[PDB]
């Protein structure tokens, strides 16, 4: 739908650097990860396209749901 995780190439370790890339493409940062080279964000479809094409960005993928394996 609209929740995504944006993964980054080398050189974007600080949250400020991730946030600036996502912001420049019109996205809204949600959280920067500490170890994983990525951040969650909310993105419209134009922002997704533009981030995918941005040399700083390794991938853009849906922030998909996982569920308890219990009945």
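Numbering follows the first chain given and starts at 1.
- Per-chain ranking of the deposited C-alpha B factor places residue 52 in the middle third.
- Looking at the C-alpha B-factors along this chain, the one for residue 41 belongs to the lowest third.
- Sort the chain's modelled residues by C-alpha temperature factor and residue 65 lands in the middle third, per the entry.
- Among the modelled residues of the chain, residue 24 sits in the highest third by CA temperature factor in this PDB entry.
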